[PDB]
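Curious how this folds, go ahead:
(chains A, B, C, D and E)
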Amino acid sequence: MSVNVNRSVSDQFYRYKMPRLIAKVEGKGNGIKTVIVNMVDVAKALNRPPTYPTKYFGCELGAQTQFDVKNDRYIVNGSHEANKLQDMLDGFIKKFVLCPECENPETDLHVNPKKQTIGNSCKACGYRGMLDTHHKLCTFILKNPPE
Amino acid sequence: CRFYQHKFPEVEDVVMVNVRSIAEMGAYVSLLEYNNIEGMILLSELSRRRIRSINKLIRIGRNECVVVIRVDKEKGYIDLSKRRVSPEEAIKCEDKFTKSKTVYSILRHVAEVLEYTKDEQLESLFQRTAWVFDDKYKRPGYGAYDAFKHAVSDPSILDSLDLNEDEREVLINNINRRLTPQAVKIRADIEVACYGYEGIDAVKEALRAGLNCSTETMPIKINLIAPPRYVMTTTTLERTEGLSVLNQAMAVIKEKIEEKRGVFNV
Amino acid sequence: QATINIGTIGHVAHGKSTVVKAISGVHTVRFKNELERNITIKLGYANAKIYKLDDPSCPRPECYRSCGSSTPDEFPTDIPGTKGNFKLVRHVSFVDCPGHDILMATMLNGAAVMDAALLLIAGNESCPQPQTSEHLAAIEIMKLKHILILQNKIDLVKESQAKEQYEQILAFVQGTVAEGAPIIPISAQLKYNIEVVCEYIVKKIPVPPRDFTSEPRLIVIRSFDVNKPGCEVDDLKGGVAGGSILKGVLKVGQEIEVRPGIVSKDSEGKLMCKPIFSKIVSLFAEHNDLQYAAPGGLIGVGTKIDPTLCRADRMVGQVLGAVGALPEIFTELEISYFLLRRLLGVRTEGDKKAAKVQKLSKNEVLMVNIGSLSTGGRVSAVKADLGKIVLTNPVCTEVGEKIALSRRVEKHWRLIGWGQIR
RNA sequence: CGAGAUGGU
RNA sequence: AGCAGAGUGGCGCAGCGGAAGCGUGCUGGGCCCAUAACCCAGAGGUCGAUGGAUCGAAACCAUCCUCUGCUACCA
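Numbering: from 1, shown residues only, chains lettered A, B, ... in the order given. Please see the structure below:
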C-alpha cells in the first residue's frame, strides 16, 4: 500500500504522496508501548526531523514519547493501535502547513531561536506568516531548531 | 606453558585472565600468559558504584583484563582488581596477548620435531633463541614478534644462533601469510582537463614521465573516478615512504601539460 | 552515408519509443541509471534503412511477415510477399527532435540539421494543438518547406474526435503555415498502418541541392561515444563529433575547425576569442568506418580533443569548416525583428494570455538563435522592431539572413518572434 | 537518607 | 567502473583473527494478593563458488559471483 500525504483531499492526482506509517504494540498492561517503525523514512519523505512528527502525537493524545540513539526506536507510550492514530494521521499537515487560501501543503519553516519566533512560507500561492500561539508544538520547535 | 621471561607476575600491571568460578568473597580465575596459575578478584574490586547483578559484570569462561594488586612469591598467592583498569590499558593488554599468542602458535608447532615426549622440549625451545630475542627489550616494550619480523626481511637474526628448519619456516610463514597483502596505501587526486589539440600524441609523455632512470619494464597503476578527476598510484610504496613520490608525481602531471601551453591552478 | 535526413518533431505527452522504432528498427535513448519517461526530452537520433519488395509494403529484416511485438496479447501480421528479395529505396537516418518547448533553441537547431520534418500528433490533449504552428512557422522562416504529419496515440480514439483534432488544426494554421502537409494515421500499440509512413517519406520528400567541390562546411550537435576502459587513461580514442556535412567533400587527415571556438583565459572580455582546429582522425556512418565523406548526410567525425568535453553534449549547435575559413564570427550583433501575432506554447477551452507580445526593453537577457547555433543576448540599445546586443558566447553564419528570438515572458524563455542581421 | 508507580468480583 | 557492506543460529543491528557478539525483539520461569518495573533461562545449526597457513574459518589471506550504499561510468 501507499497513500496521499493528507486524506482531506480525495483526488487521485494530488501533488503529495508517501509510504504507509506502521507501528508495533509492545509489552503488557500498566507498561504498554507503541513503537513507530517507518518514522525515519516518513520524516525523510516529509522533509522534517523525526522528533517533530513523533512529538505531535504526544501533544494531541496526552501521552509520553521516547527517542533513542542507541537503538533507533521512536515511541509513543500506551496502546495507540488502528483508528487511535489512523483517524488523525493527517494532523501533522492538517493543523500546521495547509494554506488557508488553497489546500496545497508545499510549505517550509524557518526558526529564530534567539527571538522566540517561527516563520512559515507556502510555495503554492505565496502565503506567509508564523505558526499559531495557542497550538502545542511551538515550545518544542524553538528548543530544537531544524538542520 | 609460560609465554614470558618470569615465573610470576609483577605488582600494579595488567594481565589477561579467564574466570573459573564465583563464591561469597570473590571470583576464582586462571592467568593466561602464565601456566594457568590460580588468582582471585574480590567482590569489592568489581565497580566504583552499586551492582544491579554480578552475572553481567562477570560470567564463567569469558576472557578479561585486570591489574595485580598484591603477590606472595613463596605460597603462590595473587590478588586481582577490575575497578583500576582504563580502556586504553585494556587495548594494550589485547596487543600484548595477540603478539604473545602468535609467537606461542609458532613455538608450539615447531616443538613437534625430535621425540617431543614432554613439556621439557617446549621450555627448551622457548629458552635460547626466542628468549634472547626479547629479554634485551623488556624496557623499550618490544616482544620476539619484532625479532621474527627482522628475521623475515633478513635471516641473519636466525644465523646468529643454534637453529631448526621448522623454527625458520613456521616463524616466517606466520608473518608472511598475513603480511603478503602489502597493498597500495597512497594515490594522487588531480583536477586536470586538457586544452591540447594534439593530445592523442602529446599526453603520452605526461602518462609516462612520472619517474626518472627506471628499467623500460617498470609499471605504474593509473585510475579514474570520472574524466575531470584523474588518479595515479605512487609506484606501490607504503605511506611511511611514498610521500616524496606523491609530491613529485602531481608536479610532473601538471608540468607535462603546462610545458605544452596549458595553464592550471598550482 | 545518406541522401536525406528527417526530423521527428512533436509536443509533451505524445510518446516517442514505439513510433521511432516502427520507422527505423532502432530505440532512441539517452543513458541514465533511471526509468525511461514518456518522451526523449532533448535532441537525439535513430539510424535506419528504407526498402520494399516488388509490391508496396515495408518488411521486417526477415521479409516474409510483418509480425508485431509492441503488445502482449496479440500478434498482428501480414505477408509483404512469399519471402521475396528486398530492395533499398534510399539511404536515410532520423533526427529525434526535443519533446518539450523548454529545449526550443535545440529544437530550432534540430529543425535546421534535418532536410525534412515528421510532425507527430496524439489524442492525450484538446483538439487545437499549438505546436502545429510553433515548429512550422519557424521551419518556413528557415526555408525548409519539406513537411509530413503522423497521428500516433489514437488506439482508443473515435473517428469524430480524430477529425475534430485535424480540423481545428486545419482552421488554426491559417496565419502561420500552408496546409499542404499529408497526414498519416497509425496505431501506437498495434503497429497498424506504420508502413504508410515509410511510403510517404518516399512520396513527399525531395533530395536537396548541395555543393560537392566548394569549401567544407559541417554542423555538429552530438558528443559521440568514447568509453572508460584502457591501459592509458587519457586520450586513448580522442573526442568524436556527431554532425551533418552542408558543403564540400571531406577526408581523413584533413584539418577541420569550429568557428566560435572559445574565449581565451586572462582576457578582460569578448576580445581574444578564437576558433579551435585539428586533423580528422577517423569517420563513422551506417555502422561502418570510413576514409572519405560527402555533403547531405549524418556522420561521426573523430578528433584529437579530451573526452572530458564528450561525457555530456557540450558540442550542441556548432558550425565547422576547413582551417582558416572566411565566414564571419559574431560576439555582438546588429538586429531587426518582428514578433508573433499571439502568445504560444499551450492551449485549452478559452484564452490564457494569448494576446500580442509586449515590446522588449534593455534591462533583460534574450535567448537568440542563428543558423543552427544558440546564444544568450544582452542589450546595448533597442526599440520595438530594432536593436544592438552583446553575446555570452560567439556565433557564426555564411550569410546573416535570419535570427530567432526568445524572451523571459515567464520563468523560462519562450519563442516570441524572428528577425535578420542589419 | 539508592530505587519503591497502580487496584473487576 | 572507484571505495564500502551483506551472504544468520532465532525478527532486526552486523562483532573481533576462538565454535553467537552485545544492546534489542519473541517464548517460559521467579518475585507480589495481582499488573508494570527488576531478576534468570531457552531457540535442532560447515554463514554463494575454488585455492592456502591454522588447534580454527561468516569472522587471517588470495581468486571468482551478485545486489545494494556513496561517488558516478564499460550501457
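
number of nearby residues for the residue of the stretch 1-150 of chain B at minimum distance from chain C?
Here the stretch 1-150 of chain B gets closest to chain C at one residue, residue B:149, 36.1 Å apart by Cβ to the nearest Cβ. C-betas here are computed from N, CA, C, even on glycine. Neighbour count of residue B:149, defined by other Cβ atoms under 10 Å in any protein chain shown: 15.

Could you confirm it falls within a strand?
No - under DSSP: H, G, I helix; E, B strand; the rest coil, residue B:149 falls outside any strand and is assigned helix.

so who does it touch?
residue B:175 (Cβ atoms under 8 Å, 6 or more residues apart in numbering or on different chains).

Now do the same contact list for the closest residue to residue B:238 other than its chain neighbours.
Leaving aside its sequence neighbours, residue B:238 sits nearest to residue B:185 (Cβ to Cβ, 6 or more residues apart in numbering or on different chains; 5.4 Å). Contact analysis of residue B:185 by Cβ under 8 Å, 6+ apart lists B:237-239, B:242.

Also residue C:354?
Applying Cβ under 8 Å, 6+ apart, we find residue C:354 in contact with C:342-344, C:347.

Show me where the chain has its helices.
Assuming you mean chain A. With helices called from DSSP state H, chain A shows them at A:39-45, A:51-61, A:83-86, A:91-94, A:138-141.

could you do chain B instead?
Here chain B has its helices, by DSSP H, at B:87-110, B:120-125, B:131-132, B:144-153, B:156-159, B:165-179, B:199-206, B:243-258.

Just want the most central residue of chain A.
Nearest to the mean C-alpha position of chain A, by Cα atoms, centre = their mean, lies residue A:53 at 2.8 Å.

err, chain C, not the other one
For chain C, by Cα atoms, centre = their mean, the most central residue is residue C:110; offset 1.8 Å.

Just list the residues touching residue C:302, thanks.
Contacts for residue C:302 (Cβ under 8 Å, 6+ apart) come out as C:237-238, C:240-241, C:280-284.

Okay, helices next: where are they in chain C?
Using DSSP H, helices in chain C cover C:17-22, C:104-113, C:131-141, C:159-172, C:195-203.

Point out the other elements, helices or strands, that the third one touches.
What it means is helix C:131-141. The elements that helix C:131-141 packs onto, with contact taken as 3 or more Cβ pairs under 8 Å, 6 or more residues apart in numbering or on different chains; DSSP states H and E, are helix C:104-113, strand C:116-121, helix C:159-172, strand C:414-421.

Quick one: closest of the ones you listed to chain B.
Closest among the helices and strands packed on helix C:131-141, using Cβ to the nearest Cβ: helix C:104-113, at 23.1 Å.

That closest one versus helix C:131-141: what angle between them?
With axes from the mean of the first three to the mean of the last three Cα atoms, to 10 degrees defining the directions, helix C:104-113 sits at 60 degrees from helix C:131-141.

neighbouring contacts of helix C:104-113?
C:5, C:7, C:9, C:42-43, C:95, C:97-98, C:101, C:117, C:135, C:138-139, C:142, C:144, C:219, C:221, C:243-244, C:298, C:316-317, C:367, C:369, C:371-374, C:404, C:406, C:413-415.

Dump the C-alpha coordinates for it into PDB.
C-alpha atoms of helix C:104-113 as PDB (Å, rounded to 0.1, in the frame of the first residue of the first chain):
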ATOM      1  CA  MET C 104      13.200  25.400 -28.100                       C
ATOM      2  CA  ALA C 105      16.700  26.500 -29.100                       C
ATOM      3  CA  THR C 106      17.800  22.900 -29.500                       C
ATOM      4  CA  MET C 107      14.500  22.300 -31.400                       C
ATOM      5  CA  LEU C 108      15.300  25.100 -33.900                       C
ATOM      6  CA  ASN C 109      18.800  23.500 -34.300                       C
ATOM      7  CA  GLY C 110      17.300  20.000 -34.800                       C
ATOM      8  CA  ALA C 111      14.900  21.600 -37.400                       C
ATOM      9  CA  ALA C 112      17.900  23.100 -39.200                       C
ATOM     10  CA  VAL C 113      20.000  19.800 -39.400                       C
END
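
Could you check the angle it makes with strand C:116-121?
Using the same axes, to 10 degrees: helix C:104-113 against strand C:116-121 is 130 degrees.

just the angle between helix C:104-113 and strand C:414-421, please?
Using the same axes, to 10 degrees: helix C:104-113 against strand C:414-421 is 50 degrees.

burial measure for the residue of chain A found nearest chain C, as a count.
Residue nearest to chain C within chain A: residue A:123 (13.0 Å; Cβ to the nearest Cβ). The local packing of residue A:123 (other Cβ under 10 Å) involves 12 other residues.

State the distance from it to residue A:105.
With the distance defined as Cβ to Cβ, to the nearest Å, residue A:123 ends up 10 Å from residue A:105.

Residue B:264 too?
Applying Cβ to Cβ, the value for residue B:264 to residue A:105 is 49 Å.

When these two are compared, which one has more neighbours?
A direct count of neighbours by other Cβ under 10 Å for residue B:264 and residue A:105 places residue A:105 higher, at 22 against 13.

residues in contact with residue C:369?
Residue C:369 sits next to C:105, C:108-109, C:317, C:375, C:403-406 when contact means Cβ under 8 Å, 6+ apart.

okay if I get those residues as TSV plus neighbour count and distance to RNA strand E?
Shown next, in TSV, are the contacts of residue C:369 (neighbours: other Cβ atoms under 10 Å in any protein chain shown; distance: Cβ to the nearest atom of the strand, whole Å):
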residue	neighbour count	distance to RNA strand E
C:105	22	24
C:108	27	28
C:109	24	24
C:317	25	22
C:375	21	26
C:403	23	34
C:404	22	32
C:405	23	34
C:406	22	29
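
circling back: kindly indicate the member of the contacts of residue B:185 with the most neighbours.
residue B:242 (19 neighbours).

Show me which residues of the stretch 251-400 of chain C are close to chain B?
Counting by Cβ under 8 Å from any Cβ of the partner chain, the stretch 251-400 of chain C comes close to chain B at C:265, C:276-278, C:281, C:304-309, C:311.

Tell me the buried residues within those.
When those are checked for burial by 16 or more other Cβ atoms under 10 Å in any protein chain shown, the buried set is C:276-278, C:281, C:304-309.

Just give me the closest of those to residue B:71.
residue C:308 (71.0 Å; Cβ to Cβ).

Wait, that closest one touches residue B:228, no?
Yes - Residue C:308 lies in contact with residue B:228 (Cβ atoms under 8 Å); the separation is 5.4 Å.

Overlap in contacts, the two.
The contact lists of residue C:308 and residue B:228 share residue B:193, where a contact means Cβ under 8 Å, 6+ apart.

and the stretch 101-250 of chain C, which of its residues are near chain B?
Residues of the stretch 101-250 of chain C lying near chain B by Cβ under 8 Å from any Cβ: C:228, C:232-235, C:237-238.

So which of the residues you listed are in strands?
Using DSSP state E, no member of these falls in strands.

Looking at neighbours, which among those residues is most surrounded?
Within these, most neighbours by other Cβ under 10 Å means residue C:235, with 24 neighbours.

Please work out how many residues are found near the one residue in chain A that gets nearest to chain B.
Residue nearest to chain B within chain A: residue A:70 (16.4 Å; Cβ to the nearest Cβ). Residue A:70 has 5 neighbouring residues, counting by other Cβ under 10 Å.

Phi and psi next, for it.
Torsion angles at residue A:70 (phi, psi; degrees, to the nearest 10) stand at phi -80, psi -20.

From residue A:53, how far out is it?
As judged by Cβ to Cβ, residue A:70 and residue A:53 stand 21 Å apart.

cool, and residue C:324?
Plainly put, residue C:324 is 68 Å away from residue A:53 if you go by Cβ to Cβ.

residues near the nearest residue to residue B:9 once chain neighbours are set aside, how many?
Nearest-residue entry for residue B:9: residue B:68, 4.9 Å, with adjacent residues in sequence omitted and distances by Cβ to Cβ, 6+ apart. Using other Cβ under 10 Å, residue B:68 is surrounded by 21 other residues.
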